[PDB]
Structure formats: structure tokens, C-alpha cells
Amino acid sequence: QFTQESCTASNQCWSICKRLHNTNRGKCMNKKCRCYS
């Protein structure tokens with residue numbers, strides 16, 4: 001559920017998604033992370 005948090009990689013965005021919406025299905029876009037479920 002897209003945030004104003006930053007990423008380096010998608011693989012990394014997952015970690016952020018785990019502490020966001022307990023998921024590993026995130027994507028990194030313009031050094032920002034977007035997550036699912």
C-alpha cells in the first residue's frame with residue numbers, strides 16, 4: 001500500500017513491505033517502495 005519510504009532495490013523494497021504490510025511483494029520505483037496486500 002504505497003508509501004513515501006525509500007528503496008535501493010525491489011528485493012530491498014520487500015523488507016520494507018514486511019515492516020509495512022507484512023509482505024515480500026514490493027517493487028522499487030524512483031527510490032521509493034510500493035507494496036501489495
# chains A, B, ... in the order shown; residues from 1 in each chain; ligands from 1
call {"tool": "select_by_dssp", "arguments": {"residues": "chain A", "states": "strand (DSSP E)", "output": "list in words"}}
result
residues 26, 27, 28, 29, 32, 33, 34 and 35 of chain A
call {"tool": "residues_around", "arguments": {"residues": "stretch 14-17 of chain A", "least_positions_apart": "3", "cutoff": "8 Å", "atoms": "only C-alpha atoms", "output": "ChimeraX atom specification"}}
result
/A:10-11,20-27,33-36
call {"tool": "write_last_selection", "arguments": {"atoms": "C-alpha atoms", "output": "compact mmCIF listing (two decimals), in the first residue's frame"}}
result
# COMPACT_ATOMS: atom_id res chain seq x y z
CA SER A 10 12.84 -4.17 -5.27
CA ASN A 11 14.49 -7.02 -3.41
CA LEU A 20 4.76 -2.08 6.19
CA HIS A 21 2.04 -4.57 5.28
CA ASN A 22 3.81 -7.85 6.25
CA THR A 23 4.60 -8.70 2.62
CA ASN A 24 7.58 -9.58 0.42
CA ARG A 25 5.77 -8.48 -2.76
CA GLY A 26 7.09 -4.95 -3.18
CA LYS A 27 8.61 -3.03 -6.07
CA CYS A 33 8.82 1.43 -2.21
CA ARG A 34 5.37 0.23 -3.28
CA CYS A 35 3.83 -2.88 -1.66
CA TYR A 36 0.94 -5.30 -2.13
call {"tool": "select_by_dssp", "arguments": {"residues": "chain A", "states": "alpha helix (DSSP H)", "output": "list in words"}}
result
residues 10, 11, 12, 13, 14, 15, 16, 17, 18, 19, 20 and 21 of chain A
call {"tool": "write_last_selection", "arguments": {"atoms": "N, CA, C and O atoms", "output": "tab-separated table (two decimals), in the first residue's frame"}}
result
chain	number	residue	atom	x	y	z
A	10	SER	N	14.20	-3.58	-5.46
A	10	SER	CA	12.84	-4.17	-5.27
A	10	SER	C	13.03	-5.20	-4.15
A	10	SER	O	12.27	-5.30	-3.20
A	11	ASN	N	14.08	-5.95	-4.35
A	11	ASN	CA	14.49	-7.02	-3.41
A	11	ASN	C	14.55	-6.48	-1.98
A	11	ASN	O	14.28	-7.17	-1.02
A	12	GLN	N	14.91	-5.22	-1.93
A	12	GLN	CA	15.03	-4.50	-0.65
A	12	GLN	C	13.65	-3.96	-0.27
A	12	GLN	O	13.28	-3.98	0.89
A	13	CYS	N	12.92	-3.50	-1.26
A	13	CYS	CA	11.55	-2.95	-1.02
A	13	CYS	C	10.71	-4.00	-0.30
A	13	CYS	O	9.78	-3.67	0.41
A	14	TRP	N	11.05	-5.24	-0.52
A	14	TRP	CA	10.32	-6.37	0.12
A	14	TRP	C	10.43	-6.24	1.64
A	14	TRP	O	9.45	-6.33	2.36
A	15	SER	N	11.65	-6.04	2.08
A	15	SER	CA	11.96	-5.88	3.53
A	15	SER	C	11.09	-4.77	4.11
A	15	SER	O	10.52	-4.90	5.17
A	16	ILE	N	11.03	-3.71	3.35
A	16	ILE	CA	10.22	-2.52	3.75
A	16	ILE	C	8.75	-2.93	3.80
A	16	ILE	O	8.03	-2.51	4.69
A	17	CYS	N	8.34	-3.74	2.85
A	17	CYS	CA	6.92	-4.21	2.78
A	17	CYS	C	6.58	-5.16	3.93
A	17	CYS	O	5.45	-5.25	4.34
A	18	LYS	N	7.60	-5.83	4.41
A	18	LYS	CA	7.42	-6.79	5.53
A	18	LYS	C	7.12	-5.97	6.80
A	18	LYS	O	6.35	-6.39	7.64
A	19	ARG	N	7.74	-4.82	6.89
A	19	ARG	CA	7.53	-3.94	8.07
A	19	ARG	C	6.52	-2.82	7.77
A	19	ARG	O	6.39	-1.85	8.50
A	20	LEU	N	5.82	-3.03	6.69
A	20	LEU	CA	4.76	-2.08	6.19
A	20	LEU	C	3.41	-2.80	6.29
A	20	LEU	O	2.58	-2.49	7.12
A	21	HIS	N	3.27	-3.74	5.39
A	21	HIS	CA	2.04	-4.57	5.28
A	21	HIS	C	2.44	-6.05	5.18
A	21	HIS	O	1.99	-6.76	4.31
call {"tool": "decode", "arguments": {"residues": "stretch 19-31 of chain A", "atoms": "N, CA and C atoms", "output": "JSON list (two decimals), in the first residue's frame"}}
result
[["chain", "number", "residue", "atom", "x", "y", "z"],
["A", 19, "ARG", "N", 7.74, -4.82, 6.89],
["A", 19, "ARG", "CA", 7.53, -3.94, 8.07],
["A", 19, "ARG", "C", 6.52, -2.82, 7.77],
["A", 20, "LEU", "N", 5.82, -3.03, 6.69],
["A", 20, "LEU", "CA", 4.76, -2.08, 6.19],
["A", 20, "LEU", "C", 3.41, -2.80, 6.29],
["A", 21, "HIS", "N", 3.27, -3.74, 5.39],
["A", 21, "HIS", "CA", 2.04, -4.57, 5.28],
["A", 21, "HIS", "C", 2.44, -6.05, 5.18],
["A", 22, "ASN", "N", 3.27, -6.45, 6.12],
["A", 22, "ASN", "CA", 3.81, -7.85, 6.25],
["A", 22, "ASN", "C", 3.84, -8.68, 4.95],
["A", 23, "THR", "N", 4.45, -8.08, 3.96],
["A", 23, "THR", "CA", 4.60, -8.70, 2.62],
["A", 23, "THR", "C", 6.04, -8.64, 2.11],
["A", 24, "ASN", "N", 6.27, -9.44, 1.10],
["A", 24, "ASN", "CA", 7.58, -9.58, 0.42],
["A", 24, "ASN", "C", 7.36, -9.33, -1.08],
["A", 25, "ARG", "N", 6.19, -8.79, -1.36],
["A", 25, "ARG", "CA", 5.77, -8.48, -2.76],
["A", 25, "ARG", "C", 5.71, -6.96, -2.97],
["A", 26, "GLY", "N", 6.89, -6.41, -2.98],
["A", 26, "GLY", "CA", 7.09, -4.95, -3.18],
["A", 26, "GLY", "C", 7.99, -4.69, -4.38],
["A", 27, "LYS", "N", 7.83, -3.50, -4.89],
["A", 27, "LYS", "CA", 8.61, -3.03, -6.07],
["A", 27, "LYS", "C", 9.26, -1.68, -5.74],
["A", 28, "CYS", "N", 10.43, -1.48, -6.28],
["A", 28, "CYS", "CA", 11.18, -0.21, -6.05],
["A", 28, "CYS", "C", 11.07, 0.66, -7.31],
["A", 29, "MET", "N", 10.54, 1.84, -7.11],
["A", 29, "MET", "CA", 10.35, 2.83, -8.20],
["A", 29, "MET", "C", 10.86, 4.18, -7.68],
["A", 30, "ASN", "N", 11.65, 4.85, -8.49],
["A", 30, "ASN", "CA", 12.24, 6.19, -8.13],
["A", 30, "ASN", "C", 12.54, 6.20, -6.62],
["A", 31, "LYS", "N", 13.46, 5.32, -6.30],
["A", 31, "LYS", "CA", 13.97, 5.07, -4.93],
["A", 31, "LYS", "C", 12.91, 5.24, -3.84]]
